[PDB]
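One chain is shown next in structure tokens, namely the form deposited without its partner chain.
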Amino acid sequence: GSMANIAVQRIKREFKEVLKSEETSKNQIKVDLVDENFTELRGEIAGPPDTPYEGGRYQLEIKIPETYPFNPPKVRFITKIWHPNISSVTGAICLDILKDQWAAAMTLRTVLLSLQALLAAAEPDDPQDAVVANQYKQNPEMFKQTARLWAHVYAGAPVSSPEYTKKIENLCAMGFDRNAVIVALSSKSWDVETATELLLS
């Protein structure tokens, strides 16, 4: 149940390359094996500095395709994040190289570093999440407060808005699922009432 030689050799040398990078030694990126045949790795990138993601660590799900290196790996955020180019529900990534701009010269390391660059420079005009993309543009300060809250509760970042977490708690007291309440409130400009109806939809 193994992959073709060119695929295995590529993944094995790129796995090593990541493990020996200056970026990994500085805890910026990392990757582990999940499947013994290299068909599924587990990544983790650190939230970039001077970013709502600063302090956060984000786990990735890397699934290597049988066609590697001629096709890109399927990458998805395991750790919930609030970003224009990432689905706040599934973790699906909307990025260049993971779709139509992948090149055979790219590596596991390059994909990890690029996902880290994406966190530091979003593309709300080519979003993966319309709800997030829009908030990013219409009310930037609310997006930054929500991204930072998502970073703290899901990725270990320092800690955000007491106001937000008081509302989260109020809705959870009403018996709603915490994760549902967080994305509901984050999608309704943090209005408890409009968020409550969305939770009843």
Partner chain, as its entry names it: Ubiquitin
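Numbering follows the first chain given and starts at 1. Take the two forms, find the largest set of C-alpha atoms that superpose within 1.5 Å, and that set is the rigid core. Shifts are known only where both forms have a C-alpha.
- Higher average CA B factor: 115-123, of the stretches 72-80 and 115-123.
- Averaged over CA atoms, B-factors in the entry run higher in 169-177 than in the other of 47-55 and 169-177.
- The top Cα temperature factor in the record, among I64, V132, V159, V31, falls on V159.
- When all modelled residues of the chain are sorted by CA temperature factor, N85 is found within the lowest third.
- Among the modelled residues of the chain, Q101 sits in the middle third by CA temperature factor in this PDB entry.
- Sorting the modelled residues of the chain by their CA temperature factor places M3 in the middle third.
- Split the chain's modelled residues into thirds by C-alpha temperature factor. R42 is in the lowest one.
- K188 sits in the highest third of its chain by CA B factor, as recorded in the PDB entry.
The form solved in complex with its partner chain exists for this protein as well; it is not shown, and the discussion that follows is about that form.
- For the chain shown alone, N139 is not a contact residue for its partner chain in the bound PDB entry, no non-hydrogen atom being within 4.5 angstroms.
- Taking the partner from the other structure, its partner chain in the bound PDB entry has no heavy atom within 4.5 Å of any heavy atom of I62.
- Among residues of the shown chain, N170 is one whose heavy atoms approach its partner chain to within 4.5 Å in the bound PDB entry.
- Within this chain, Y68 is remote from the site of its partner chain in the bound PDB entry, having no heavy atom within 4.5 Å.
- Contact annotation for 166-201: residues with any non-hydrogen atom within 4.5 angstroms of its partner chain in the bound PDB entry are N170, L171, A173, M174, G175, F176, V192, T196, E197, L200, listed in sequence order.
- Core-superposed comparison between the shown form and the other one places the only run of three or more consecutive residues whose CA atoms all shift by 2 angstroms or more at 3-6.
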